[PDB]
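S.K.: Provided hereafter are the protein sequence and its experimental coordinates.
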Amino acid sequence: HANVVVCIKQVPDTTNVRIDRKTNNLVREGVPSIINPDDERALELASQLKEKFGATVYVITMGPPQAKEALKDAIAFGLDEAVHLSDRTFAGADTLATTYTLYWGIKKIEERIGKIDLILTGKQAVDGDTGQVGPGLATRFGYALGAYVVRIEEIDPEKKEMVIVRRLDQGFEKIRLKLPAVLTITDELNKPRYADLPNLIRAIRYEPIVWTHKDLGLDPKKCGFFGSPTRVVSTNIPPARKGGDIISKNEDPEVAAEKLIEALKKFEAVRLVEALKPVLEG
Amino acid sequence: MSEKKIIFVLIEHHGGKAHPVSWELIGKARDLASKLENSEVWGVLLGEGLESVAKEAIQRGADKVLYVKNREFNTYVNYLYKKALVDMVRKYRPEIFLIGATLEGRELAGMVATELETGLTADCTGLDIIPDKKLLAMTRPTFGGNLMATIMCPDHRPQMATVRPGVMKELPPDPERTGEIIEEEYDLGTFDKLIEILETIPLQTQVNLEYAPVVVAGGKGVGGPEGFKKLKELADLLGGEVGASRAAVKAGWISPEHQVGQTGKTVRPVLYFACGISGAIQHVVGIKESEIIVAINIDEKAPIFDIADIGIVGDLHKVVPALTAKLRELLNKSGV
Amino acid sequence: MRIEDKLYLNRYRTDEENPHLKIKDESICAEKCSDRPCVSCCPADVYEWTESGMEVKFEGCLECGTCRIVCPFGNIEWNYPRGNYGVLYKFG
Amino acid sequence: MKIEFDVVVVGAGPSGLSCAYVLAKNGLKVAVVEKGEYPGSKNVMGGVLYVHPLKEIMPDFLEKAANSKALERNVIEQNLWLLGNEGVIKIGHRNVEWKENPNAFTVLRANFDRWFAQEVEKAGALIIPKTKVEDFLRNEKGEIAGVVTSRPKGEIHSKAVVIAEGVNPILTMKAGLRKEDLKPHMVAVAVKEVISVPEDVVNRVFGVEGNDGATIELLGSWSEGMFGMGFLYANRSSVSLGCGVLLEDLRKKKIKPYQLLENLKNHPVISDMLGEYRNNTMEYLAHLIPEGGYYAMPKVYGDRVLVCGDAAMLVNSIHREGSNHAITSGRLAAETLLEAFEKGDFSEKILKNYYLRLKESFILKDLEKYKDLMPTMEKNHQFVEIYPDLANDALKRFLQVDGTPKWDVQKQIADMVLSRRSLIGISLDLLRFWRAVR
Ligand SMILES: Cc1cc2nc3c(=O)[nH]c(=O)nc-3n(C[C@H](O)[C@H](O)[C@H](O)COP(=O)(O)OP(=O)(O)OC[C@H]3O[C@@H](n4cnc5c(N)ncnc54)[C@H](O)[C@@H]3O)c2cc1C
Ligand SMILES: Cc1cc2nc3c(=O)[nH]c(=O)nc-3n(C[C@H](O)[C@H](O)[C@H](O)COP(=O)(O)OP(=O)(O)OC[C@H]3O[C@@H](n4cnc5c(N)ncnc54)[C@H](O)[C@@H]3O)c2cc1C
Ligand SMILES: Cc1cc2nc3c(=O)[nH]c(=O)nc-3n(C[C@H](O)[C@H](O)[C@H](O)COP(=O)(O)OP(=O)(O)OC[C@H]3O[C@@H](n4cnc5c(N)ncnc54)[C@H](O)[C@@H]3O)c2cc1C
Ligand SMILES: CC(C)=CCC/C(C)=C\CC/C(C)=C/CC/C(C)=C/CC/C(C)=C/CC/C(C)=C/CC/C(C)=C\CC1=C(C)C(=O)c2ccccc2C1=O
Ligand code: SF4
Ligand code: SF4
């Protein structure tokens, strides 16, 4: 059997976290926090890996004390255990500080079940969409980083090596990853299941294993605002786009078509199209 | 002293030709080195047989070029790049590392920054130098483009910053300037191959709708699915994906994987075509992170015109096939 | 346009593959119905009678239940959305 | 594996959680099935929740909810406002013994029912959110033996099922009760906005301070002649402004029930109070209020099945006591099932005691009293069409000083009241409503 660990993050529901122009702020109060939607695909893949190969899946979150409800929503997928890294020693952490906590969080999981055969993260969180925790976690363990996974082909549990289909910008590519690996799952991998009641009822009366900074044995100031190299100095909402102008009208039946290409070339961004160079460069 | 403030820019090359973001960051670091005291813009480049672009970087504004040489660096393996891009950071000790926010760039920078134990901001749009401690103010969009958070790394070195492709501006290639090209013939030895690339599937085999440079989308002004072939004629012309609205997906015209908006996919192209979309707030919350929004619909009192950059009031079956007709005769006059 | 400004304030988990508002017979809405009370009494502008049929924008449904009751002919197959779907009222 | 429980309470509103609180405090394996993400996620209420039906459920209710964010701005003043064309007749009643012995709190039901779920969870009940009940699993006797859900392996077994699912009696009709659906005269479309008003304008426009609240009840011609009782409640850092009108009146007027809330926001008095704090709407809600009552309620009992709250149409909407009736109906159903569990019988012989407790208490006596209340209001269309706008122009003429010698304002008021309605219409309408108030 394999050992899967799914690092999930409790993220505010950013479909509802919207911009209020009159206060010039994010009105995110009252909006409940959910799983990161890139991580619901990671949890559904882990539940698929549990019913196909019997892999003991853990789920770990370094977050606030209100993030134990995200860890209970991960047990609704059918997972074995949830692990909470809850301490305000970990508050205000950046990616290097999160990964240092998550490396020592998964290292204590390794003292329970064995060496972790697969680490599933999401492609991005939505609050602070950096996406560097997954890449960062493959470097602490020295594992194979398969990022931006769109498909899973052969997950050979005997050869301890699986074939993913990583998305890049020039195109997808099949990659023979060598387990132990750290995957990083996109939205396009699968669609997460509607959870059954015996797992959802078990998810309600479940208490995730809470580990403080004394429980892990890490450095006390390598995890919070002190183990954070970067510092967020100011957060500010963007502007109100930019008022446009009806280039053409309802009269011009087509003469509006070249008036579009007339006014395209006044913009800087048409250099970036990679297919409008024969009308810009010439 | 002066050569310890040595700002790096990684060059993303795809076989033989570099990514365009490699020269938008070289030009941006010139504006960073103009406000940084006693600094120079390097360029880190990995592979063999890329002198046709290592000289191109110096024409774009690279002061020097660190041209790391190995045969196994022409393909992209982040396991191999990280082993070389932390030896070339421990040796030369840079101040500002800059990679573009391509999918290889964001994946590589996360592996690199936690070997150096430094600070890294991803998909930045607002790089600037503060005059107090000469620090880089890396402004990046968070919350899907709803908070431009400004993040500063005070003391850890290098201040790595993954930068979004397209927000910076290019310098023109000038053959007047030259610079030293440092070749470090990199050795790996026994390397214990983890990542093994089998194939390379083209990007148009699936629906991208976030990594497409052009998204032409429509709904309810695209009468039937017959008009969405007219939108796909403009999609594959511009090398981009065709999107949709909820009023097109719910009518069964395209698959729900083509839906753009709040409960669909948030696009970030450089050119969005709101072809027949009214522009409700649930739809335009997925397109507001784009660069150009073109709106073609028959109602002049539409809420898409309050977000559009180019606005056309007119029919869709008489403008969009009449735009891809004109775009074919201009794309072929400079093809041959 | 007007009320979808205010429906943007609400929180939804939309179930797009499972429309919970189905109309049982579209022909009753064309000739048998005179005033269309599902359109004029829907607090979320879900129903819009085009000449192409009835456009049921079920994604903005506030799950009140007015449409099922105000419809004189009973041809609205009205369900609640599934669990964890539909409106999710914060400070309701 | 069978998911076995003692009682399954469908719904986690006021009647669902109060029924589950008494069963879980008395040691019953009671499960609550709620179709929302959390309890309170589908619940709409303007907010005035009375503390006496909850002090029968929880005798230490005001100590537990003081530290939390369940309750919101203790109601010390209850106003009734008669909106005119430009004026308002405020008829308030502020009481200061409600500051230390509270009568009612304003609530926001996603904040209240999420806290109330936490007390029911601490009592020992398993609250199962994100789960919609579709039908009932039945034994071969043909009675309700549990609950089937929309979940894949979802089949909860229970000795009794409490249908506390509110208005839209979809699940009540599956149990054999509610032989027909709701007609559009048993319900009222209630459209509500929660507006963010920043904690000190709430103090100024309501005349209160420091977690003391005021409730406005708005009558006038904003409701287009239909009997709509709007409201305007003081939350802590907010104002919940809404309006509710009957579906029979709304169907034959065809005017899009958020327009009544736009007529209520754009009144000259409400736009004077909240000047430009009207358009920072935080949320937009819509629900139904059961208003048929005694003539339209189902059989509230059956074989292993009870019905509470709005599902039994127990709402006194003219006094705005629906949560008062719901939290009590949960207490009466849970005390009925606790009689049913010591005897082991759950048929209509023992579960008819719930219908006996429902009329020995205030719930059905308030329904018999205002039984022919809305059919009385439907056959006038005067008490909200001329009567507020005439009482505003009369009291404006009474207070206007323009050199008119006070007999020619006592007769201009008589020339005002006996011009829009005759004296055979005024003296008739005072006691024609007297039959509605009993
Ligand atoms: C406005 C703002 C801007 C920020 N900018 C930066 C920045 O530029 N650089 C930076 O390093 N930090 C930044 N942070 C903080 C940063 O989010 C935290 O360090 C956090 O640990 C990383 O989350 P992320 O947004 O980077 O998510 P990602 O790293 O993109 O998330 C990827 C995956 O990693 C896993 N994961 C993420 N977070 C956790 C966690 N806490 N516990 C367990 N698993 C987890 C999940 O599987 C998730 O899907 C910012 C925060 C804010 C509020
Ligand atoms: C919770 C929720 C989530 C939602 N999520 C999404 C989402 O992710 N994505 C999304 O798209 N919507 C979403 N919506 C729906 C959104 O609110 C709008 O209702 C929807 O986008 C309307 O689609 P439309 O503009 O294509 O249709 P319409 O609003 O009907 O647009 C028709 C437009 O086309 C014009 N037109 C008509 N004929 C022609 C012609 N011949 N040529 C050109 N133009 C013509 C008309 O003048 C009009 O401007 C969501 C709604 C809710 C409630
Ligand atoms: C605008 C407005 C203002 C009001 N103001 C007041 C006031 O000031 N004072 C007052 O006393 N009353 C007021 N009421 C009335 C009050 O809201 C109700 O009468 C009462 O609270 C309803 O209680 P309930 O137990 O039926 O819960 P409901 O909220 O009616 O519903 C119970 C729960 O059942 C769940 N449910 C429904 N169907 C299913 C299913 N199939 N499966 C699973 N779960 C299901 C729902 O999610 C819901 O949360 C107001 C009502 C409205 C609409
Ligand atoms: C000297 C003295 C006589 C001055 C008169 C002042 C007078 C206006 C009030 C006190 C007089 C007393 C003795 C009259 C006895 C009967 C009273 C209680 C009748 C109630 C009707 C009105 C006038 C109540 C006052 C306004 C305000 C406090 C209401 C609170 C808002 C909500 C909770 C109530 C809703 C509500 C409304 C709006 C009704 O119209 C209605 C009509 C008939 C029965 C009940 C109701 C009702 O409950
Ligand atoms: S009410 Fe019934 S009939 Fe009239 S339109 Fe709506 S659905 Fe068709
Ligand atoms: S439920 Fe309320 S909102 Fe949803 S459609 Fe019927 S009426 Fe419109």
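M.R.: Sure thing, it's come through. Numbers count the residues shown, from 1 in each chain, chains lettered A, B, ... in the order given. Ligands and ions are numbered 1, 2, ... in the order given.

S.K.: And for the closest residue to residue D:295 other than its chain neighbours, the neighbour number?
M.R.: Excluding its sequence neighbours, the residue lying closest to residue D:295 (C-beta to C-beta, 6 or more residues apart in numbering or on different chains) is residue D:371, at 6.6 Å. Bear in mind the C-beta positions are built from the backbone N, C-alpha and C, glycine included. Around residue D:371 there are 16 other residues, counting by other C-beta atoms under 10 Å in any protein chain shown.

S.K.: show me the contacts for the one residue in chain D that gets nearest to ligand 6.
M.R.: Per C-beta to the nearest ligand atom, residue D:286 is where chain D lies closest to ligand 6, at 5.7 Å. Contacts here follow C-beta atoms under 8 Å, 6 or more residues apart in numbering or on different chains; on that basis residue D:286 touches C:43, C:44, C:62, C:64, C:66, D:44, D:189, D:190, D:191, D:192, D:257, D:258.

S.K.: is it true that the first one touches residue D:191?
M.R.: Yep, that's residue C:43 we're talking about. Yes: with contact taken as C-beta atoms under 8 Å, residue C:43 and residue D:191 are classed as touching, separated by 5.2 Å.

S.K.: Mutual contacts of those two, please.
M.R.: In the contact map built from C-beta under 8 Å, 6+ apart, the residues linked to both residue C:43 and residue D:191 are D:257, D:258, D:286.

S.K.: Flag every residue of chain C that's near ligand 2.
M.R.: By C-beta under 6 Å from any ligand atom, the part of chain C that sits against ligand 2 consists of C:4, C:7, C:12, C:14, C:57, C:59, C:60.

S.K.: in which helix or strand would I find the first one?
M.R.: For residue C:4, the enclosing helix or strand under DSSP states H and E is helix C:3-7.

S.K.: Give me the buried positions along that helix.
M.R.: Neighbour-count burial for helix C:3-7, counted by 16 or more other C-beta atoms under 10 Å in any protein chain shown, picks out C:3, C:4, C:6, C:7.

S.K.: Near chain B, list only the ones from those residues.
M.R.: Taking C-beta under 8 Å from any C-beta of the partner chain, the overlap between the buried residues of helix C:3-7 and the neighbourhood of chain B is C:4, C:7.

S.K.: which non-adjacent residue is nearest the residue in chain C positioned nearest to ligand 1?
M.R.: Proximity of chain C to ligand 1 (C-beta to the nearest ligand atom) peaks at residue C:13, 18.9 Å away. Using C-beta to C-beta, 6+ apart and skipping residues adjacent in sequence, the residue nearest residue C:13 is residue C:85, 5.0 Å away.

S.K.: Repeat that for residue A:110.
M.R.: With C-beta to C-beta, 6+ apart, the residue lying closest to residue A:110 is residue A:116, at 6.0 Å.

S.K.: residue contacts, the one you found?
M.R.: Taking C-beta under 8 Å, 6+ apart as the criterion, residue A:116 is in contact with A:3, A:4, A:5, A:106, A:109, A:110, A:141, A:180.

S.K.: So the fourth one lies in a helix, does it not?
M.R.: To tie it back to what came earlier, the one meant is residue A:106. Yes: the assignment for residue A:106, made by DSSP: H, G, I helix; E, B strand; the rest coil, places it in a helix.

S.K.: What does the nearest residue to residue B:202 once chain neighbours are set aside show for phi and psi?
M.R.: Among residues not flanking residue B:202 along the chain, residue A:171 sits closest, at 4.9 Å (C-beta to C-beta, 6+ apart). Here is the backbone geometry of residue A:171 (degrees, to the nearest 10): phi 150, psi 170.
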